[PDB]
């Protein structure tokens, strides 16, 4: 199985590296299960954000195949735009020709872009979520028979303790302890499963839960959040949807998620972010209120830091298991 090392960036996000072009041009990616396109910033970039990035130069790649088609990717955090290009993409020791976006304007993706040290985003979603109708990397590698299974695996790094791996094509027992529980997808094209959500006395039955690698938070329905925070001794930051607390706050709850198959819990230690610079013994909650059309939680980074996760295209399932504290 091919492995890609995952490095932590300030306990908000993680990255892994990969190559685009036979020139072996090396890029740092956010690895995002909730999107289905790959992009890298071009040498043709007109914007300030591209200043400090590894830039893609199609003139230095002999496997480059032109495709002028203009495209923009609209994320919740902003927009990047440019054009489609084709070239050899290499993930670990697995290569395949691939269609991706050459980004020339990142101004709509500020301040996220210039803030952090990633170059681009590598989607790990489903095909019907892609622009330009791009087969996902793992399913092509499967199809081309470079890996056993159409699946990938996340063992996330933890700040100041160990590194992580994205593993492609097969499941390695070393990453987790206890049982590995599979949860069927309740949607065709998202890593979305059904779970009862419990926080104290507040309960949502058969809630949609999206396992998502690119979101640095647990997201919660706004009504559910407003009930959770009632008398919690937490304070909202002015103008921003973030809550601050004493790290030691005895009332901070444990999320409990359950299926017929399993039980997954998330204790304060996984969703708190120390902000010692702002004040002594203060923490931010990595919890955001957000309403999808159907009541939904995003089980983001903080969930995935605790739980090893198996994303299975062939079995339309998400495997979940408690991550080992170190390898």
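Numbering follows the first chain given and starts at 1.
S.K.: Taking the mean of the C-alpha B-factors per stretch from the entry, tell me the winner out of 148-156 and 105-113.
M.R.: For C-alpha atoms only, the mean B-factor is higher in 148-156.
S.K.: Going by the mean C-alpha B-factor recorded in the entry, which is higher: 70-78 or 89-97?
M.R.: Comparing averages over the C-alpha atoms only gives 89-97.
S.K.: I'd like to know which of 291, 276, 269, 32 has the highest C-alpha temperature factor in the PDB entry.
M.R.: Answer, based on the entry's C-alpha B-factors: 276.
S.K.: Per the coordinate record, which of the options 212, 172, 233, 119 holds the highest CA temperature factor?
M.R.: When the deposited C-alpha B-factors of 212, 172, 233, 119 are compared, 172 is largest.
S.K.: Determine, from the deposited record, the chain-internal third of the Cα B-factor for residue 243: lowest, middle or highest.
M.R.: Lowest third - that is where residue 243 ends up once the chain's C-alpha B-factors are sorted.
S.K.: Divide the modelled residues of the chain into thirds by Cα B-factor and specify which third, lowest, middle or highest, holds residue 187.
M.R.: It falls in the middle third of the chain.
S.K.: Please rank the C-alpha B-factors of the chain's modelled residues and tell me whether residue 46 sits in the lowest, middle or highest third.
M.R.: Tercile = middle for this residue's CA B-factor.
S.K.: Looking at the C-alpha B-factor of residue 264, is it in the lowest, middle or highest third of its chain?
M.R.: Tercile = middle for this residue's CA B-factor.
S.K.: For the chain shown, is the CA B-factor of residue 139 in the lowest, middle or highest third of its modelled residues?
M.R.: CA B-factor rank for residue 139: highest third.
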